[PDB]
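Next up, data_24.pdb (PDB, C-alpha atoms and all ligand atoms):
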ATOM      1  CA  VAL G   1      30.598   6.970 -48.571  1.00  0.00           C
ATOM      2  CA  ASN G   2      29.694   3.455 -47.426  1.00  0.00           C
ATOM      3  CA  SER G   3      27.525   1.935 -44.698  1.00  0.00           C
ATOM      4  CA  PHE G   4      30.210   0.662 -42.288  1.00  0.00           C
ATOM      5  CA  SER G   5      29.653   2.270 -38.852  1.00  0.00           C
ATOM      6  CA  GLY G   6      31.589   2.549 -35.578  1.00  0.00           C
ATOM      7  CA  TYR G   7      35.000   1.749 -37.060  1.00  0.00           C
ATOM      8  CA  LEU G   8      38.275   3.214 -35.861  1.00  0.00           C
ATOM      9  CA  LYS G   9      40.438   4.419 -38.760  1.00  0.00           C
ATOM     10  CA  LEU G  10      43.982   2.937 -38.578  1.00  0.00           C
ATOM     11  CA  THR G  11      45.321   4.133 -41.948  1.00  0.00           C
ATOM     12  CA  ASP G  12      44.158   5.658 -45.213  1.00  0.00           C
ATOM     13  CA  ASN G  13      42.483   2.354 -46.134  1.00  0.00           C
ATOM     14  CA  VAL G  14      42.248   0.114 -43.030  1.00  0.00           C
ATOM     15  CA  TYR G  15      39.498   0.345 -40.409  1.00  0.00           C
ATOM     16  CA  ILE G  16      38.853  -1.817 -37.317  1.00  0.00           C
ATOM     17  CA  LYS G  17      35.914  -2.575 -35.014  1.00  0.00           C
ATOM     18  CA  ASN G  18      35.139  -4.893 -32.101  1.00  0.00           C
ATOM     19  CA  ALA G  19      32.341  -6.828 -33.771  1.00  0.00           C
ATOM     20  CA  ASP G  20      31.028 -10.274 -34.611  1.00  0.00           C
ATOM     21  CA  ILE G  21      31.677 -10.582 -38.354  1.00  0.00           C
ATOM     22  CA  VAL G  22      28.469 -12.615 -38.754  1.00  0.00           C
ATOM     23  CA  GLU G  23      26.347  -9.886 -37.184  1.00  0.00           C
ATOM     24  CA  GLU G  24      28.281  -7.205 -38.997  1.00  0.00           C
ATOM     25  CA  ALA G  25      27.707  -8.976 -42.325  1.00  0.00           C
ATOM     26  CA  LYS G  26      23.995  -9.435 -41.561  1.00  0.00           C
ATOM     27  CA  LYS G  27      23.575  -5.728 -40.996  1.00  0.00           C
ATOM     28  CA  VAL G  28      25.799  -4.226 -43.663  1.00  0.00           C
ATOM     29  CA  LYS G  29      25.289  -6.860 -46.400  1.00  0.00           C
ATOM     30  CA  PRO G  30      28.697  -5.908 -47.846  1.00  0.00           C
ATOM     31  CA  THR G  31      29.692  -6.656 -51.418  1.00  0.00           C
ATOM     32  CA  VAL G  32      32.458  -8.934 -50.064  1.00  0.00           C
ATOM     33  CA  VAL G  33      32.829 -10.759 -46.747  1.00  0.00           C
ATOM     34  CA  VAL G  34      36.125 -12.594 -46.250  1.00  0.00           C
ATOM     35  CA  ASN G  35      36.126 -16.094 -44.791  1.00  0.00           C
ATOM     36  CA  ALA G  36      39.097 -17.504 -42.867  1.00  0.00           C
ATOM     37  CA  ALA G  37      39.091 -20.657 -44.980  1.00  0.00           C
ATOM     38  CA  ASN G  38      41.232 -23.767 -45.171  1.00  0.00           C
ATOM     39  CA  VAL G  39      42.332 -25.394 -48.437  1.00  0.00           C
ATOM     40  CA  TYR G  40      39.487 -27.936 -48.292  1.00  0.00           C
ATOM     41  CA  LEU G  41      36.815 -25.292 -47.597  1.00  0.00           C
ATOM     42  CA  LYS G  42      35.739 -27.351 -44.572  1.00  0.00           C
ATOM     43  CA  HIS G  43      34.036 -24.677 -42.491  1.00  0.00           C
ATOM     44  CA  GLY G  44      34.111 -26.391 -39.130  1.00  0.00           C
ATOM     45  CA  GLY G  45      35.052 -23.748 -36.592  1.00  0.00           C
ATOM     46  CA  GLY G  46      36.416 -20.311 -35.973  1.00  0.00           C
ATOM     47  CA  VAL G  47      35.198 -17.617 -38.334  1.00  0.00           C
ATOM     48  CA  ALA G  48      34.433 -20.177 -41.052  1.00  0.00           C
ATOM     49  CA  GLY G  49      32.274 -22.316 -38.810  1.00  0.00           C
ATOM     50  CA  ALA G  50      30.364 -19.224 -37.659  1.00  0.00           C
ATOM     51  CA  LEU G  51      29.816 -17.858 -41.174  1.00  0.00           C
ATOM     52  CA  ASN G  52      28.738 -21.264 -42.439  1.00  0.00           C
ATOM     53  CA  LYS G  53      26.320 -21.774 -39.523  1.00  0.00           C
ATOM     54  CA  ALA G  54      24.753 -18.383 -40.278  1.00  0.00           C
ATOM     55  CA  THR G  55      24.073 -19.602 -43.863  1.00  0.00           C
ATOM     56  CA  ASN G  56      22.291 -22.725 -42.538  1.00  0.00           C
ATOM     57  CA  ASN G  57      25.129 -24.838 -44.084  1.00  0.00           C
ATOM     58  CA  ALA G  58      24.513 -23.485 -47.610  1.00  0.00           C
ATOM     59  CA  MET G  59      28.103 -22.189 -47.664  1.00  0.00           C
ATOM     60  CA  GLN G  60      29.383 -25.725 -46.971  1.00  0.00           C
ATOM     61  CA  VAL G  61      27.161 -27.287 -49.660  1.00  0.00           C
ATOM     62  CA  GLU G  62      28.400 -24.774 -52.240  1.00  0.00           C
ATOM     63  CA  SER G  63      31.995 -25.252 -51.075  1.00  0.00           C
ATOM     64  CA  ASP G  64      31.834 -29.045 -51.393  1.00  0.00           C
ATOM     65  CA  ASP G  65      30.727 -28.692 -55.014  1.00  0.00           C
ATOM     66  CA  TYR G  66      33.572 -26.198 -55.626  1.00  0.00           C
ATOM     67  CA  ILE G  67      36.178 -28.624 -54.243  1.00  0.00           C
ATOM     68  CA  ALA G  68      34.712 -31.590 -56.130  1.00  0.00           C
ATOM     69  CA  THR G  69      35.176 -29.630 -59.365  1.00  0.00           C
ATOM     70  CA  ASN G  70      38.424 -27.735 -58.726  1.00  0.00           C
ATOM     71  CA  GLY G  71      40.336 -29.499 -55.952  1.00  0.00           C
ATOM     72  CA  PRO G  72      41.807 -27.758 -52.920  1.00  0.00           C
ATOM     73  CA  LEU G  73      42.961 -24.181 -52.743  1.00  0.00           C
ATOM     74  CA  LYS G  74      46.595 -23.223 -52.141  1.00  0.00           C
ATOM     75  CA  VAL G  75      47.736 -21.877 -48.784  1.00  0.00           C
ATOM     76  CA  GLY G  76      47.853 -18.147 -49.518  1.00  0.00           C
ATOM     77  CA  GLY G  77      45.154 -18.507 -52.187  1.00  0.00           C
ATOM     78  CA  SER G  78      41.472 -17.715 -52.454  1.00  0.00           C
ATOM     79  CA  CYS G  79      38.256 -18.236 -54.353  1.00  0.00           C
ATOM     80  CA  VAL G  80      35.113 -16.142 -54.781  1.00  0.00           C
ATOM     81  CA  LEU G  81      31.840 -17.893 -53.957  1.00  0.00           C
ATOM     82  CA  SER G  82      28.370 -16.731 -52.981  1.00  0.00           C
ATOM     83  CA  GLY G  83      27.860 -14.610 -49.888  1.00  0.00           C
ATOM     84  CA  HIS G  84      24.474 -16.295 -49.340  1.00  0.00           C
ATOM     85  CA  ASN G  85      22.407 -14.286 -46.813  1.00  0.00           C
ATOM     86  CA  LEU G  86      25.478 -12.453 -45.475  1.00  0.00           C
ATOM     87  CA  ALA G  87      26.996 -10.566 -48.459  1.00  0.00           C
ATOM     88  CA  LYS G  88      26.919 -10.521 -52.270  1.00  0.00           C
ATOM     89  CA  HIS G  89      30.135 -12.554 -52.383  1.00  0.00           C
ATOM     90  CA  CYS G  90      32.331 -14.476 -49.979  1.00  0.00           C
ATOM     91  CA  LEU G  91      36.071 -14.326 -50.628  1.00  0.00           C
ATOM     92  CA  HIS G  92      37.419 -17.539 -49.082  1.00  0.00           C
ATOM     93  CA  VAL G  93      41.066 -16.786 -48.222  1.00  0.00           C
ATOM     94  CA  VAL G  94      43.513 -19.372 -46.865  1.00  0.00           C
ATOM     95  CA  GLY G  95      46.015 -17.924 -44.440  1.00  0.00           C
ATOM     96  CA  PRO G  96      48.750 -20.210 -43.117  1.00  0.00           C
ATOM     97  CA  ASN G  97      47.736 -22.296 -40.094  1.00  0.00           C
ATOM     98  CA  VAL G  98      50.588 -22.242 -37.558  1.00  0.00           C
ATOM     99  CA  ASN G  99      48.963 -25.215 -35.796  1.00  0.00           C
ATOM    100  CA  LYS G 100      49.679 -27.204 -38.990  1.00  0.00           C
ATOM    101  CA  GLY G 101      53.269 -25.862 -39.473  1.00  0.00           C
ATOM    102  CA  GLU G 102      52.617 -23.606 -42.526  1.00  0.00           C
ATOM    103  CA  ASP G 103      54.996 -20.823 -43.438  1.00  0.00           C
ATOM    104  CA  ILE G 104      53.951 -17.479 -41.955  1.00  0.00           C
ATOM    105  CA  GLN G 105      55.449 -15.651 -44.883  1.00  0.00           C
ATOM    106  CA  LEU G 106      52.420 -16.933 -46.808  1.00  0.00           C
ATOM    107  CA  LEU G 107      50.329 -14.488 -44.771  1.00  0.00           C
ATOM    108  CA  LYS G 108      51.333 -11.635 -47.096  1.00  0.00           C
ATOM    109  CA  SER G 109      50.285 -13.676 -50.147  1.00  0.00           C
ATOM    110  CA  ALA G 110      46.945 -14.379 -48.443  1.00  0.00           C
ATOM    111  CA  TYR G 111      46.276 -10.670 -47.851  1.00  0.00           C
ATOM    112  CA  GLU G 112      47.195  -9.843 -51.481  1.00  0.00           C
ATOM    113  CA  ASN G 113      43.901 -11.486 -52.485  1.00  0.00           C
ATOM    114  CA  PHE G 114      42.070  -8.581 -50.834  1.00  0.00           C
ATOM    115  CA  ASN G 115      43.511  -6.166 -53.440  1.00  0.00           C
ATOM    116  CA  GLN G 116      41.221  -7.658 -56.098  1.00  0.00           C
ATOM    117  CA  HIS G 117      38.208  -6.114 -54.287  1.00  0.00           C
ATOM    118  CA  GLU G 118      37.587  -2.411 -53.751  1.00  0.00           C
ATOM    119  CA  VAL G 119      35.912  -2.836 -50.326  1.00  0.00           C
ATOM    120  CA  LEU G 120      35.813  -5.831 -47.950  1.00  0.00           C
ATOM    121  CA  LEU G 121      34.577  -6.853 -44.513  1.00  0.00           C
ATOM    122  CA  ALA G 122      37.190  -9.223 -43.140  1.00  0.00           C
ATOM    123  CA  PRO G 123      38.671 -10.965 -40.116  1.00  0.00           C
ATOM    124  CA  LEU G 124      42.361 -10.911 -39.332  1.00  0.00           C
ATOM    125  CA  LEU G 125      43.859 -13.700 -41.421  1.00  0.00           C
ATOM    126  CA  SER G 126      45.608 -16.542 -39.597  1.00  0.00           C
ATOM    127  CA  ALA G 127      44.335 -15.238 -36.217  1.00  0.00           C
ATOM    128  CA  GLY G 128      42.173 -17.209 -33.799  1.00  0.00           C
ATOM    129  CA  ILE G 129      42.390 -20.972 -34.265  1.00  0.00           C
ATOM    130  CA  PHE G 130      44.902 -20.528 -37.112  1.00  0.00           C
ATOM    131  CA  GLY G 131      47.478 -19.773 -34.428  1.00  0.00           C
ATOM    132  CA  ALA G 132      49.258 -16.643 -35.666  1.00  0.00           C
ATOM    133  CA  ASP G 133      49.877 -13.511 -33.608  1.00  0.00           C
ATOM    134  CA  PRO G 134      46.965 -11.151 -34.427  1.00  0.00           C
ATOM    135  CA  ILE G 135      49.210  -8.101 -33.920  1.00  0.00           C
ATOM    136  CA  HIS G 136      51.492  -9.461 -36.682  1.00  0.00           C
ATOM    137  CA  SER G 137      48.474 -10.216 -38.855  1.00  0.00           C
ATOM    138  CA  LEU G 138      47.267  -6.619 -38.502  1.00  0.00           C
ATOM    139  CA  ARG G 139      50.716  -5.303 -39.450  1.00  0.00           C
ATOM    140  CA  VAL G 140      50.836  -7.488 -42.580  1.00  0.00           C
ATOM    141  CA  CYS G 141      47.297  -6.394 -43.452  1.00  0.00           C
ATOM    142  CA  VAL G 142      48.186  -2.701 -43.225  1.00  0.00           C
ATOM    143  CA  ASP G 143      51.411  -3.188 -45.186  1.00  0.00           C
ATOM    144  CA  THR G 144      49.811  -5.342 -47.936  1.00  0.00           C
ATOM    145  CA  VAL G 145      46.178  -4.381 -48.539  1.00  0.00           C
ATOM    146  CA  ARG G 146      45.672  -1.205 -50.572  1.00  0.00           C
ATOM    147  CA  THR G 147      41.901  -1.493 -51.016  1.00  0.00           C
ATOM    148  CA  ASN G 148      39.429  -0.500 -48.312  1.00  0.00           C
ATOM    149  CA  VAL G 149      39.247  -3.118 -45.578  1.00  0.00           C
ATOM    150  CA  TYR G 150      36.915  -3.133 -42.566  1.00  0.00           C
ATOM    151  CA  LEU G 151      38.284  -5.538 -39.981  1.00  0.00           C
ATOM    152  CA  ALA G 152      35.990  -7.132 -37.400  1.00  0.00           C
ATOM    153  CA  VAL G 153      37.632  -8.435 -34.257  1.00  0.00           C
ATOM    154  CA  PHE G 154      35.346 -10.640 -32.175  1.00  0.00           C
ATOM    155  CA  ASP G 155      37.263 -10.473 -28.887  1.00  0.00           C
ATOM    156  CA  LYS G 156      37.000  -7.108 -27.117  1.00  0.00           C
ATOM    157  CA  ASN G 157      40.182  -7.713 -25.122  1.00  0.00           C
ATOM    158  CA  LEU G 158      42.094  -8.459 -28.322  1.00  0.00           C
ATOM    159  CA  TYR G 159      40.595  -5.462 -30.073  1.00  0.00           C
ATOM    160  CA  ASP G 160      41.843  -3.114 -27.340  1.00  0.00           C
ATOM    161  CA  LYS G 161      45.306  -4.693 -27.469  1.00  0.00           C
ATOM    162  CA  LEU G 162      45.442  -4.343 -31.272  1.00  0.00           C
ATOM    163  CA  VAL G 163      44.492  -0.652 -31.139  1.00  0.00           C
ATOM    164  CA  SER G 164      46.743   0.218 -28.202  1.00  0.00           C
ATOM    165  CA  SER G 165      49.789  -1.484 -29.773  1.00  0.00           C
ATOM    166  CA  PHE G 166      49.249  -0.221 -33.340  1.00  0.00           C
ATOM    167  CA  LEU G 167      52.168   1.721 -34.799  1.00  0.00           C
TER
HETATM  168  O1  LIG I   1      38.265 -12.120 -33.018  1.00  0.00           O
HETATM  169  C1  LIG I   1      38.367 -12.756 -31.934  1.00  0.00           C
HETATM  170  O2  LIG I   1      38.386 -12.138 -30.838  1.00  0.00           O
HETATM  171  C2  LIG I   1      38.471 -14.324 -31.958  1.00  0.00           C
HETATM  172  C3  LIG I   1      39.895 -14.684 -31.940  1.00  0.00           C
HETATM  173  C4  LIG I   1      40.592 -14.350 -33.193  1.00  0.00           C
HETATM  174  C5  LIG I   1      39.880 -14.993 -34.382  1.00  0.00           C
HETATM  175  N1  LIG I   1      38.468 -14.498 -34.458  1.00  0.00           N
HETATM  176  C6  LIG I   1      37.939 -13.778 -35.590  1.00  0.00           C
HETATM  177  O3  LIG I   1      38.641 -13.575 -36.520  1.00  0.00           O
HETATM  178  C7  LIG I   1      36.497 -13.298 -35.625  1.00  0.00           C
HETATM  179  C8  LIG I   1      36.213 -11.943 -35.770  1.00  0.00           C
HETATM  180  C9  LIG I   1      34.885 -11.558 -35.814  1.00  0.00           C
HETATM  181  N2  LIG I   1      33.913 -12.440 -35.706  1.00  0.00           N
HETATM  182  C10 LIG I   1      34.155 -13.741 -35.575  1.00  0.00           C
HETATM  183  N3  LIG I   1      33.299 -14.764 -35.468  1.00  0.00           N
HETATM  184  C11 LIG I   1      33.961 -15.894 -35.341  1.00  0.00           C
HETATM  185  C12 LIG I   1      35.320 -15.610 -35.375  1.00  0.00           C
HETATM  186  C13 LIG I   1      35.438 -14.217 -35.530  1.00  0.00           C
HETATM  187  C14 LIG I   1      37.724 -14.838 -33.201  1.00  0.00           C
END
Would you mind writing the file's structure down as C-alpha cells?
Amino acid sequence: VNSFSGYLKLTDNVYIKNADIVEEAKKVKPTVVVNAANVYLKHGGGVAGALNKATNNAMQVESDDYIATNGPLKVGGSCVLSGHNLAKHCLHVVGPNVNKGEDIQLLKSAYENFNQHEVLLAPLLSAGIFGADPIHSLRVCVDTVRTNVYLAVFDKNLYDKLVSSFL
C-alpha cells in the first residue's frame, strides 16, 4: 500500500491521473519524482521549469553544480539528485526532443531508467514541449517500465484522450 490517490489503473504496474505533478509531489512527497530534463539540466520550461520553480530555483543551483562536475547527460540517460521540498529524490530523465531532431527510439532507453526505482511519480517522457506524441509515450512506458509508475498528466483533455485510446 502507498499514498497515491485517485489514479486509474492501466496495467499491473502503471497508473495515471489528471494532475499537476508539482502539486501531486507536494502532497505525496514520493521517494522519487521524475523530471523531464534536458542534457544540460537547464530547467527553463515545461515540467522541468515548473518543478524547478516550486523548489525556489534550488533544483537549478544543484543541477548547475552537477553539470560543472560531470558534464551533460546523454539523451536517454538520467541522474539522481535531490527532490528538495517535492520528494526524497528527483530522477532527471532525458527523453528525446523531437523539436531538436533526436531519435524517438531513444524514448525506450529513457524509460528504462525508471526500472532502477521501485515506485515513481512521473510525467510522460518526451511529451509536452519535447514534441512527441503522448499516446506513443504512454505505450512505450507501459511496454518498458516494470516498476510501479504513477503518471501525472497536466492537461485534462489529453488525459481523457490517453485513457480513451489506451489498448
Ligand atoms: O500534461 C499536460 O497536459 C501538458 C502537456 C504535456 C506535457 N506536460 C506534463 O508532462 C505535465 C504533467 C503534469 N504536470 C505538469 N506540470 C508541468 C508540466 C506537466 C504538460
Given 12 Å and all atoms listed in the file, residues near ligand LIG 1 (chain I) as a PyMOL selection string: chain G and resi 16-26+33-37+43-54+95+121-135+137-138+150-162
Taking the file as shown, what set of residues would the PyMOL selection byres (((chain G and resi 118) around 12) and not hetatm) give back, as a ChimeraX atom specification? /G:2,13-14,30-33,113-117,119-121,145-150
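When all atoms listed in the file are used to measure the gap to residue 88 (chain G), the shortest distance among G:41, G:75, G:29, G:3 belongs to G:29.
Atom pair CA of residue 102 (chain G) / CA of residue 42 (chain G): separated by 17.4 Å.
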Pick from G:80, G:10, G:61, G:28, whichever lies nearest to residue 165 (chain G) using all atoms listed in the file: G:10
With 5 Å of padding per side, what axis-aligned box (centre and edge lengths, Å, one decimal) covers all the listed atoms of region 55-59 of chain G? Give it as AutoDock Vina command-line options.
--center_x 25.2 --center_y -22.2 --center_z -45.1 --size_x 15.8 --size_y 15.2 --size_z 15.1
Have a look at CA of residue 167 (chain G) and CA of residue 7 (chain G) and let me know their distance in Å, one decimal. 17.3 Å
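The coordinates place CA of residue 94 (chain G) at 6.2 Å from CA of residue 78 (chain G).
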Hits from the PyMOL selection byres (((chain G and resi 73) around 6) and not hetatm), listed as a list in words: residues 39, 72 and 74 of chain G
Proximity to residue 57 (chain G) - best of G:9, G:38, G:85, G:103, only C-alpha atoms: G:85
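Proximity ranking of G:140, G:6, G:81, G:86 relative to residue 105 (chain G) places G:140 first, based on only C-alpha atoms.
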Write out as a ChimeraX atom specification each polymer residue whose atoms come within 9 Å of residue 82 (chain G), counting all atoms listed in the file; drop sequence neighbours fewer than 3 positions from it. /G:59,62,85,87-91
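Counting all atoms listed in the file, the residue from G:83, G:163, G:143, G:96 that sits nearest to residue 12 (chain G) is G:143.
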